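Take a look at this one chain, the form deposited in one PDB entry, written out in structure tokens.
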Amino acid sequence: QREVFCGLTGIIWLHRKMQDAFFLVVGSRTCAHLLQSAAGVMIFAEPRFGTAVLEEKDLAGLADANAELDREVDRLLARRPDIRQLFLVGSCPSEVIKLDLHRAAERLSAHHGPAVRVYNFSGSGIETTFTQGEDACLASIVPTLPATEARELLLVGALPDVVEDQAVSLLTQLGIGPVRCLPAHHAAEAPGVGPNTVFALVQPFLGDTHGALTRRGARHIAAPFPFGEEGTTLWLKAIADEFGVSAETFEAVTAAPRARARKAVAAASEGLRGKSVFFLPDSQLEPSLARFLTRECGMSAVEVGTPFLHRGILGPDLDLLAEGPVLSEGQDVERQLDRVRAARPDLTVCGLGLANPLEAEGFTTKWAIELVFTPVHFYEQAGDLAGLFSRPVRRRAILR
């Protein structure tokens, strides 16, 4: 038994990233209830994710389901002329029904173009976990991107607009050339990928995304992920070195934000000093987070858990992360909870389902779902990340 969500959970923040994208989930009532419950207040704002329930006749006849899907997307386009890119999202019942979402997306991209472009990616739990939904969305975007011949830097990841602005400003004042972001808000702003175009990875879970841009000739930048202070520095240093920027120029670039990041981290890390942290596999963010907490926050790590390790992209953080913490990759809540109980960790990064139950048993818990939502990457928000991890400990100390 694994405690993860199917990749449809990434949809809610992907669609906040993409103002122009609608996320049509071809799934059963269970996946619609997933989207509704996960979103919470979000669904009452009339968001851009909707689920088409595969009715009994739909699972009975594949052709009837295909025609119904065609009519559904026609009605959706009629209702919303604003949507220019539409994401047909695979689901578990859709996969078992085996209706070809790729053949569909091809057909409706043909008969609704050149205005509306329809992509397909699978968020089904049978082949997707928490953040591989966003990974698969971005992987679906990559092949349709134009083949450029001018070298550009491509930031890949769902940076919040303020975090994107900080990263873009820091790069542009750093001295790089073109900087573009793969999750472009509008289809017109989609980046160009070519053999000469380079890309740097902001969030770890984009493994299939990195594989996708590797094929088009784009080359990876080996950097740690810009979570706290040093994690961000090493990221920008690798970017500068691949762009050939002089080290002294980059130091003059990054000295000013570095001091504030250090001060903010030290302000909120005081509660985390001399403490033990346990990472349950949630969002593939945990090796880097453990690196940040161990090196910067002075927090011992007993075990870091990951849904699946992508060693190539995650290598720098694992190298920075101490040899002591043992990385577990298998998700099995039955034995994992016994491991938590044996470890007796001060802080336990787990899912929202396990948060309250472990809290009752006497374990302070932090839920990693807040990391993807809240802006925690880069320097300005490093203190926010530290405080996010330190607040449960403060609450337990206050509440005794």
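We number the residues from 1 along the sequence you see. We call the rigid core the largest set of C-alpha positions that still match within 1.5 Å between the two forms.
Note that the form deposited in another entry isn't included here; everything after this is about it.
- With the core held fixed by superposition, the comparison between this form and the one not shown singles out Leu69 as the only member of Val340, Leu69, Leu358, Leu347 whose CA moves by at least 2 angstroms.
- Remark: with the core as the superposition reference, the CA shift of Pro81 between this form and the one not shown reaches 2 Å or more.
- Positional change of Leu99 between this form and the one not shown reaches 2 Å or more at the C-alpha, relative to the superposed core.
- Taking the rigid core as fixed, one finds a CA shift for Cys297 of 2 Å or more between this form and the one not shown.
- Note: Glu296-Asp319 Cα separation is 3 Å or more longer in that other deposited form than here.
- Put simply, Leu352 and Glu303 come closer in that other deposited form: their C-alpha atoms are 3 Å or more nearer than in the form shown.
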